[PDB]
There are 2 protein chains.
Amino acid sequence: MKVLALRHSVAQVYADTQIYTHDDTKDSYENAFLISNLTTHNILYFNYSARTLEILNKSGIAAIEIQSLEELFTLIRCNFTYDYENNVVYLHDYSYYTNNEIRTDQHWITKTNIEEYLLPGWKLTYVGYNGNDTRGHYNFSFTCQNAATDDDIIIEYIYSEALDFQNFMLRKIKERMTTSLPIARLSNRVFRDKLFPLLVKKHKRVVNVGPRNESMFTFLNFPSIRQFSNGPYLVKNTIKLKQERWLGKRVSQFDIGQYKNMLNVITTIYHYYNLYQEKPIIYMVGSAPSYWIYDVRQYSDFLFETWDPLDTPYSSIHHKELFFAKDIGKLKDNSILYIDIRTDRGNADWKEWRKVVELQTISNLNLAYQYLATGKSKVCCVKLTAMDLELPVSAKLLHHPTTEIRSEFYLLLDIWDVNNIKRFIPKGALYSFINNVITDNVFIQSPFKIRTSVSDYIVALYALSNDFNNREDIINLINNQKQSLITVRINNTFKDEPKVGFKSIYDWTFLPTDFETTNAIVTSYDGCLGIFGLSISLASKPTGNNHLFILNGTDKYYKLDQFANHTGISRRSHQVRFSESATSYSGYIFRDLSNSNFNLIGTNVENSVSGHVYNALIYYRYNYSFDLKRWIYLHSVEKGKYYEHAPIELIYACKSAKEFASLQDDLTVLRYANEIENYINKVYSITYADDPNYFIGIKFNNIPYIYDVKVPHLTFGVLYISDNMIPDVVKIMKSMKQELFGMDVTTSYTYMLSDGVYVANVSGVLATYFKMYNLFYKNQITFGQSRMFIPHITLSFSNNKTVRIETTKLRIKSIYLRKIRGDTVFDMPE
Amino acid sequence: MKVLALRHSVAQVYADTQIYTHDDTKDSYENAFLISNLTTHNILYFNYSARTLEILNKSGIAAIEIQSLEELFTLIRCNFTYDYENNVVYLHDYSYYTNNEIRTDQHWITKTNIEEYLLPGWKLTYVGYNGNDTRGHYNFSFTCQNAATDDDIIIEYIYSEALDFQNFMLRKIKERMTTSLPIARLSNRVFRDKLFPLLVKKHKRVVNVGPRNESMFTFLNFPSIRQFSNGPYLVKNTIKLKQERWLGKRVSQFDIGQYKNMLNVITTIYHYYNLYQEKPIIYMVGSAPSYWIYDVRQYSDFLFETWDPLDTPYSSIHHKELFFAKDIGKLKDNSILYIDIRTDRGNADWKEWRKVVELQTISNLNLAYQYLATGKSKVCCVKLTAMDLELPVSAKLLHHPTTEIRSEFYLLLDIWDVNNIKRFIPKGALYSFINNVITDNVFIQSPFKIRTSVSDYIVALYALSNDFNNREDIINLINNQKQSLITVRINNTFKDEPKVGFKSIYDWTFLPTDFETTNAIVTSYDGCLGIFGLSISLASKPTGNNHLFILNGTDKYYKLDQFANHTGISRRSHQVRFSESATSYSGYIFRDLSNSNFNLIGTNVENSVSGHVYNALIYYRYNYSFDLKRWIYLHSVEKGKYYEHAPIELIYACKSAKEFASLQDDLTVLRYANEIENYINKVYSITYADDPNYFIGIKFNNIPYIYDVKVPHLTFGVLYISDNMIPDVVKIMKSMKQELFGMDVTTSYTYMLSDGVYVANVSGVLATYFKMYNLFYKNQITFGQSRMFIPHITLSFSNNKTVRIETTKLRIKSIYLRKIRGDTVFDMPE
Ligand SMILES: Nc1nc2c(ncn2[C@@H]2O[C@H](COP(=O)(O)O)[C@@H](O)[C@H]2O)c(=O)[nH]1
Ligand SMILES: Nc1nc2c(ncn2[C@@H]2O[C@H](COP(=O)(O)O)[C@@H](O)[C@H]2O)c(=O)[nH]1
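A. A look at the site of ligand 1. All names here are of chain A. Around ligand 1, the neighbouring residues are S570, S573, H574, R577, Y588, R591, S608, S610, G611, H612, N615 and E649. Within the contact set of ligand 1, an oxygen atom lies 2.2 Å away from a side-chain nitrogen or oxygen of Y588. Sorting the residues of the shell around ligand 1 by element identifies α14 (571-579) and α15 (586-594) as the ones contributing at least two each. Take the shell around ligand 1: its biggest share by element is 3 residues, from α14. Its residues assigned to classes, the shell around ligand 1 comprises 1 nonpolar, 8 polar and 3 charged.

Okay, structure coming up:
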C-alpha cells in the first residue's frame, strides 16, 4: 500500500497519479488505522510519526521515510519489498530496459556467447542475487537496490525447446510490458532468503515440503533442513520405457553446458545433504570452465577440488592440471564426486567416435564404482552415454537441460547403489529417457507424508494445496501441528467451489473457518510477510492466486493489535461507501434492517451494534489479512483489551452478513458467515432470557414528550434467574452504580417501535449496557434476549406521529430491579 | 431396456421404431448378456427362454412374455415398471389425455368443485394408488395398470399461489408433452410401496432418513419405522418474526380445506408414531366432510371417531351428530385429537365476527389442554386464529396450504407441551407466520445424526447427498454401516467437479471408489430395483441426476452373476464401436498401444489381455450398474468362478483407461481408473520379477520359419526365486503337465518385436499362462514382470521383414526350467 512519509517542512506538491495525503497528531495506532483505510495506491504522510510507520510496516504496509525528495521520492514510483528491520528497499522494476540491457542473477551466463543472439546493441549485465550489485545506482537515505531480473525469461527459453532467442526475448519482453508486475514471484525470493536463516537459527529441526527449482540456491548453506520433493527417476523404472533411437534436438542457441553441470552438482549436494546433514567436500573431474562455482559461493562457502588440463578459475584448489585416472586415494571420506569426462570430438567417422565415447563411458562408470567402494559417507555423479550397459537398479537418473539432446545422461550413485542388483539396459531405453524426459527439479527427495510431526518445524510454502493431495489430511496437519508455516489456496470464488484450476490443473480451496487451529495466525501474504519483518508496496487483489498463510505456534499470536491486525479492513468498504453506493449510510442502514431494527432507522449512524465482523465477512477477499478468528478468540479471554464488546454484537454482524450474501447470491460469504457465527457460539456459551422473570429498569425525573402511560421507565435489562441469585444481581448492579449514574442520557425524538407502541429514543446508554451484559454473562446470569436490545422509553400503546426536539438530557432518579408481572420491586438504589 | 419375448410361432413382424431382434439356443446367461448389449430401446425376443427372462429381470431389464400380440404388444409402446415376482405391469403413460381427463391418486379431490375450472368438457377420474382401479382397462396375460397420474400438477398448483387453474393445467400439460417422461418420480412410488413392507418384515429396526411429503401415505401402516426429517416450527422461534397485519391471499380457485385437514391429521399421526411406536385412536371434532379418510384407509386401517352436526361418510363410528363440549371422558388414553371448530361466518360486521371467532379459538385451545391434562400417551392438534394469546413455547406450529390465507393456523401439542412455560404471542407474529410460512412437510421429526447405528436398518433414499451435509461423515456412514440402503449423487461430470448444482442448490458427488465398503452392493437404480424384485423399461442416461445406490449387508452380495451384474456393460461400447469409430478394432488396437504392445498390432482381436475393466472405467456413466469393485473382489477369493483371470490382466485395462482419459481430457475417468488400479493392488499383493534368476521355457520340435539362432524356445515364464523353491516350482509345473501339453499351440506369422529382435507369434498358450500365473501367485512365488507378457519365439537378432503363413500347429518336445545366465537346466519333463 506504499505509504511514503516525507518531511512536513518539505511538503512538496506534485500531481502524481493514485496519490493521497494524510497527517494527524491525535493517536499513533489510529493514524495507522486511518491510513490503512485510504483507497489509493500511494499515500503521502506529512506528520510522519515514526511509531505509525513502524505499525504500518508490522502490518505489511510499506512505510518509509523520504528525505531526498529530488530523487528518493521520484525513484519510488514503482513497487518494492521493504526489509524494515534492516531498512533496505528491494525494487521490483523493469525500467532498466531503457538501458538496452537484460539483467540476470547468475554470473556464469556472462561467459557464454549469449550477447550475440540478443537484439542488436543489447547487453546482459549481472546484478547479483536480488540486485545486490545495483546498490551503486541508488545512494539514498536507505540502502536501495533493484531486485528485478530477466532470469525467468532465460530459464523458460532453456526449458522451452524453441530455438530462436531473438524473437523469444522480444516476445517475452513485450509480454512483460503488457501484463501486470509479477510481485509474488519477485518478493518471494526476498522472503525465502530472509525466512529460512531465521528458522534455522530460531528452531531445532526444519522440514521444507516441496521445494522447487527456483530456490535451489536458497538451501545451499542449510544442510540442517530436511527437504521433501517428488520422487527420483530410478533405473528400475526404465522397464516401462519404449525403445527409441538417436534424436538430435537442439534446444538453445548459446552453450548451456554449464547450467547442466551446475544443476548436476547441486542435485548431488542436496542428495548428500538428505543422507548426511553436513556440507560435503566437492570433487570434480573435467568441468574445466567451472564458472558457476562463483554463483554457488555467493550462498555458501565450499571446498572445491578440480582435475582438468585446462584452467578452472574459482576452484578452491586445482589439485592437478593433469588428468585423473588412478588417483582414487587422494579422495577424502566425506565427499561427492562429479565425473564429466569427454575425451574429444575427434575428426574421425561418427561410428569410430561413438566407440571411443562408449569405452570412455565405461571407464567413467568404473571410476565411480571404485570411488564409492572404498569409504563410508560419500556420493557421486557420472556422465554416461546411451549404450547397452548394466547399471544398478536403485541408482538415480539425471538429464538436466543441455544445449543439444545428443545421447548423454548422468547417473547419481550413493554407496548403497554400488553393491546392489544390476540390470542390463539397452541403448534404446536410455535414448528414450534422454529424448522424453528432462529433469524438472534438482530436489530428488522422497515425497512428504502429510502427518503432524512433534519435533519438526514444517514449512509448506506452495506445495500442499493441490488437486491430488488428501484434503482432510491437509486440514488435520494445519489443525494439529505445532510450529509450522503452511500455505493454502483461499477460495475467493463465489458459489463456493471447492477446487479452482487452470487447464485441467486444479487446487483445493479453503476458507479461514475450514480450520480449527488452537494457537495460530491465519493471515495473508502481507500479514505473514510482516510477521517476518518485511512489508510490500502492493496488496493482494481480491480475484487471484491468493493464498492463506498459517503460522502455528508463533511468538506473535498474542500480539493481537501488532501483527495480522485490522489494518485495511475498511479500505474496500470506504471506497464502495463513498463512490458507488446509493448512500453513505447504506451500511448502518442495511445492518439495522438485517437485524429487524427497521422500527426506526433514524440516525442510526450513531450507536449501531454490529462490529468489525461485517467487513471481515463481506470483504474477506480484500481484508483476509485480518485473522478474524484470532481477533474473536483473544477478545473472548481478556487475559476486550481495547473494545470490550458483547458477543451479541458479533452475532448481529454475522446475521447481517448472511442476509447480504443471500441478496448478492455470494454462496461463499454465506457459508463463511454461518461458520463464523458457529465459532462465536462455540467460544461464548451464550444464553437468552426469552422468557424473563425479572428485569432491570431505570426511572427518569423529567420526560420531554407527551406520555400517556402511568410509569415512564427504560427497561435497561431483562434476565432469567432463580430467586437465590437476586443478591448476586444486586451486587453486580452496585459494581457499576457510579458508572450507571455517570452516563450522559439523551433523547432527541419519538418513534413507533411496533404496531400499537409509541416510544422515545434513548441515547448514550448502549456502551454501558454492553459492559453490564459482559458482567452478567461472566457471572453465569442469563441476561439479554434473542432479539436485539433497543433502549426505549415506551410512551403510549397508541399509534402516534413522530416528533423531534433538540437534544435534551435526561436525568436518572432511581435504578430498580423488579419482578416481571409483579408490582414488587426488589431493589431501588438512588 | 424393455425386452419383450413373444412366441416364435407367432413371430409377427412390423416396423416399430427403435426395435431389435434376438434369439438363440446356446446358453441361458449369455443370451441375456448378448441381449443386454443391444443398442436400441425395445428388443424382440423370439426363442424366449424363461431362464433368460428371469436373468434380465434380476438385472433390472424389463423382460416379459407377450401372448396377445394384437393388444398386449401394441399397448407396450410405452415405458413401465415391472414387478416380476408378482408379474404386474405398471404403465407410466400419459396417453389418457386423449380421453379429455386428468388422473389423480386421491379420492377426496373428486368431491371438490374442481371440474368447473378445467378446460371445457374435461373431467378428472380417480384411478387409485399407482392406478389400481385401472386394471379393468387392460386384461392381458399379466395384471396390468397405468401408474401415471397428474397429481404432481395439482400439488404444484396448490403450493404455487398462482390463481388461474385453467391456464395452469394447460401450461403444465403442454410442458409434459414437451419434456421427457419423469421415470424416476413415477417408478419410485412403486419402489417405495414395495420396498418398505419388505424391510419392516425382514428387519428388526428400520430408520428412514429425510422422508418427503410425497411418501406421506407410504408409512401410514408402519409405525415401527423411525423417521428423521427437518426440525419442526416451534412457538419459541416466533420471537425472530417481524410483526405483520392481516393479508388475504387466495391460492386456489377450488376449496382445498380438506387437503389442509388431511395434512394436519397425518402430521399428528406421524408425531404420535415418533413418540409411541403404535397406531393411535383418531378423534376428530368438526371435520364434517371428512372424505379423505378413504384415501388414508387405502394404506392402513384406522379407528375414527367423529363429532359434527353434519354427516361424515367414511368414519368408523360417528359417535355423536351433536357438538362436543364437555365430553372429555369419552376420549381414550392412547389417541390423537383434531379440533377443527369454526362456528359460522355470521352475516354480522367483520369486527363482531372476529370477536366471535377469537372466543371460539380460546375455547378450542382450552379443550385441547383438558384433553391432554388427563391421560398418558396422547397427542392433539387445534385450529386457532391469529390473535394475542399465550401458547406453550415448545408447541409445534402448522400452517399447511389452504384455500385462502385468512388468519388461521394450527397448534400441535403433546402432553409434554401442556405443563410447559407459556409465552405471550401478539397477533402480529402469528399473522407473520401465516403469511410468510407454509409448512412444506408433514414429517416434523428431528434431523438425522449421520452416525453408524448397529441395531438399525438405515434407509437414506434421497437425503444425505446435499451441499451442506458433512461429506466425510457421509463416507463413514456408507463405509462402516451394516444393513443399509443409502443413495448418493454419481459425479458423472468431466473435470472431476466435487459438487453439482442447479440455481445455487448444490449436491455432493461421489465415485464408486470414494467408498471402501467391505460387504455391499454399489449399483444403479436399475440394479437396486432388481435386487428388490422390480425391473424397468428405461435405463439411466449418462448425463442426469443419476444416483448410486449402496446396499450394506445384503443377502445378494455373493450372488455376483445374479444381481448388479455385467448386463449392459458393452451396450455403449458396441454402439460406438460399430457406428462412429474409425475402425471396429479400435478398442483392441488402443488397448495394445496403451500397454506398449505396439511391436505387433497384427490381429490382436484374438487373445487380448485387458478385461471388463476397460468398459467399466471408460463408460461408467452408462454401465455403473456393474459394481466393478465387488466384481474384482469376489474374483480375488474364489471361495475366478467363471473367468479365472490373472490380476495383471486387470491392471493392464486400468493403464489403458488412464491413457484414454488423458487423451479425452476426462479428468473423472482418470481419477476413477487410478483408484481402481489402487484397489486392485490392495486386494492382490502383486510381485514382479523384473530381475529374474530362473525361467520356464518350452521347446518345440519343428519351426515353420527360417531361424538364425541356435536354440528356438518360447520363454513361457519368468520368475525370481531362492534356490530352495525349485522343488515347489517343479511341483506346480507337474500340477498342469497334462494341461501344458494339451494346449493347441499355433503360429501364423513373424514380426519385429524390438530393434534387433525378430520373432514368431505364438497363439493359444495365453489362457494357460494366466492359469499358471494364478498358481504361482497363490503359492507366493514371484512370477511375471512389470511389462506385459508377449509369447514369442525369438528367431534372430537381425532386422528382417514380416512373413505370413497359414496357421501351422506347433508341437511341444520338452518343457524345461533353466537358471538365467546358466546353461544349467534344472528340470526337463517330456
Ligand atoms: N459497531 C461497530 N461499528 C464499527 C466498528 N468499527 C468500525 N465501525 C463502523 O464502521 C464504519 C467504517 O466502516 P464502513 O461502515 O464504512 O464499512 C465506522 O464509521 C464505524 O461506524 C466496531 O468495532 N463496532
Ligand atoms: N480380455 C478380455 N476381453 C473381453 C472380456 N470381455 C469382453 N471382452 C472383449 O470385449 C469385446 C466387446 O466389447 P468392446 O471391445 O466392443 O467394448 C469382446 O468382443 C471381447 O473381445 C474380458 O473379460 N476380457
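Let's pick the thread back up.
B. Quick peek at the sheet that holds strand β23 (residues 457-460) of chain B. Residue and element names in this part refer to chain B. The sheet built from 6 strands is open, its strands ordered β11-β10-β23-β24-β29-β27 with mixed pairing. Strands with a single pairing partner mark the edges of an open sheet, and in this sheet they are β11 (226-228) and β27 (520-523). Strand-to-strand twist across the sheet, computed as the mean angle between neighbouring axes with direction ignored, equals 20 degrees. Sheet topology places β27 next to strand β29 (residues 547-552); 4 bridges connect them, and they run antiparallel. Across the sheet, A520 pairs through a bridge with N552, a residue of β29.

C. Here's a closer look at the UniProt feature "binding site: GMP 1" (unreviewed entry) in chain A. Residues and elements named next belong to chain A. Summarizing the sequence annotation, UniProt attributes the feature "binding site: GMP 1" (unreviewed entry) to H574, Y588, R591, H612, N615 and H645 in the numbering used throughout. Among the secondary structure elements, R591 is positioned in helix α15. Accessibility expressed as a relative area gives 15% for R591, which makes it buried. Excluding anything up to four places from it in sequence, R591 contacts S610, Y614 and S656. Along the chain, the position of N615 falls in helix α16 (residues 613-618).

D. Seen up close, the packing of aromatic side chains. Counted under the stated rule, the structure contains 106 aromatic pairs over all chains. Between the aromatic rings of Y294 of chain A and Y314 of chain A, the centroid separation amounts to 5.4 Å while the plane-to-plane angle is 65 degrees, which identifies the pairing as edge-to-face. Of this pair, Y294 of chain A sits in helix α8 (residues 293-297) while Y314 of chain A sits in the loop between β14 (304-307) and β15 (317-320), placing them 20 residues apart in sequence. Pairing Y97 of chain B with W122 of chain B gives two aromatic rings, centres 6.4 Å apart and planes at 50 degrees, and the pair type is tilted. Separated by 25 residues along the polypeptide, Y97 of chain B in the loop between β6 (88-91) and β7 (101-104) and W122 of chain B in the loop between β7 and β8 (123-126) bring together distant segments of the chain.

E. Up close: a nonpolar patch on the surface. Nonpolar side chains collect at one region of the surface, where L593, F598 and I601 of chain A lie side by side and expose about 230 Å² of accessible area between them. Relative to the helices and strands, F598 of chain A resides in the loop between α15 and α16.

F. Region of the structure containing helix α7 (residues 257-275) of chain B. In this model, α7 of chain B (19 residues) spans 27 Å end to end at C-alpha, consistent with the 27 Å of a helix rising 1.5 Å per residue. In terms of residue burial, α7 of chain B counts as a mostly covered element, since 17 of its 19 residues are buried.

G. Structural view of helix α1 (residues 29-36) of chain A. Residues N31, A32, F33, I35 and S36 of chain A constitute the buried set of α1 of chain A. Where α1 of chain A is buried, its residues touch β1 (3-6), β2 (21-22), β3 (43-45), α2 (50-59) and α14 of chain A.

H. Broad picture of the pattern of salt bridges. Summed over the entire model, instances satisfying the criterion amount to 68 salt bridges over all chains. Of the charged contacts in the structure, one is a salt bridge between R205 of chain B and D456 of chain B, with a shortest N-O distance of 2.7 Å. Taken together, the residues span a long stretch of sequence, with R205 of chain B in the loop between α6 (183-202) and β10 (206-209) and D456 of chain B in the loop between α11 (427-436) and β23 at a distance of 251 residues. A salt bridge links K771 of chain B to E739 of chain B; the nearest nitrogen and oxygen atoms lie 3.1 Å apart. Residue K771 of chain B is found in helix α23 (residues 766-778), and its partner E739 of chain B is found in helix α22 (residues 737-742); the two are separated by 32 residues along the sequence. Connected through salt bridges with shared partners, the residues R471, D496, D514, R671 and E675 of chain A form a single ionic network.

I. Representation of the interface of chain B and chain A. Every contact between the two is made by 28 residues of chain B and, on the other side, 28 residues of chain A. Counting each side, the surface lost to burial between chain B and chain A is near 2500 Å², with a carbon and sulfur contribution of 52%. Contact with chain A buries surface across chain B, with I239, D691 and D755 of chain B losing the most and accounting together for 21% of the total. At the junction of chain B and chain A, the tally comes to 4 salt bridges. Across the salt bridge formed by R423 of chain B and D691 of chain A, the nearest N and O atoms sit 2.5 Å from each other. On the surface where chain B and chain A come into contact, there are 4 residue pairs in polar contact. Residue composition of the side of chain B that touches chain A, by class: 9 nonpolar, 5 polar and 14 charged.

J. Summary view of the relation of the copies chain B and chain A. With an axial shift of 0.0 Å and an RMSD of 0.0 Å, the rotation relating chain B to chain A amounts to 180 degrees. Viewed as a symmetry operation, the transformation between the two copies matches a two-fold axis. Using C-alpha coordinates, one finds that chain B approaches the rotation axis most closely at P498 of chain B, a distance of 3.5 Å.

K. Quick look at the side chain of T523 of chain A. Residue and element names in this part refer to chain A. Note that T523 resides in strand β27 (residues 520-523). The exposure class assigned to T523 is buried, which follows from its relative accessible area of 0%. Of the polar contacts made by the side chain of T523, one reaches the backbone oxygen of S625; its length is 2.9 Å. Excluding its chain neighbours within four sequence positions, the residues that come into contact with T523 are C528, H547, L548, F549, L551, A564, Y624 and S625.

The rules behind each value
Residues numbered from 1 in each chain as written, not as in the entry; some residues may be left out. Chains lettered and ligands numbered in written order. Part of a larger assembly, values for the part shown. Heavy atoms only, no water. Near = heavy atom within 4 Å. Polar contact = N/O pair within 3.5 Å; in protein donor to acceptor, adjacent residues only side chain to side chain. Helix = DSSP H or I, 4+ residues; strand = E, 2+ residues; numbered from the N terminus. Nonpolar A, V, L, I, M, F, W, Y, C, P; charged D, E, K, R; others polar. Pairing = 2+ DSSP bridges. Axes fitted to C-alpha atoms, helices over the stretch in contact; angles between N-to-C directions. UniProt positions renumbered as here; feature names shortened; annotations may be inferred. Buried < 20%, exposed > 50% of the residue type's maximum accessible area, 1.4 Å probe, protein only. Contact = heavy atoms within 4.5 Å. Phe/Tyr/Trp six-rings, centres within 6.5 Å; stacked < 30°, edge-to-face > 60°. Patch = residues over 30% accessible without salt bridge, like charges linked within 9 Å, V, L, I, M, F, W, Y side chains within 5 Å. Areas by Shrake-Rupley, 256 points an atom, 1.4 Å probe, with all protein chains shown as cover. Salt bridge = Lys/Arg side-chain N within 4 Å of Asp/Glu carboxyl O. Expected span 1.5 Å × (residues − 1). Buried area = accessible area lost by both parts, 1.4 Å probe. Least-squares fit on C-alpha atoms.

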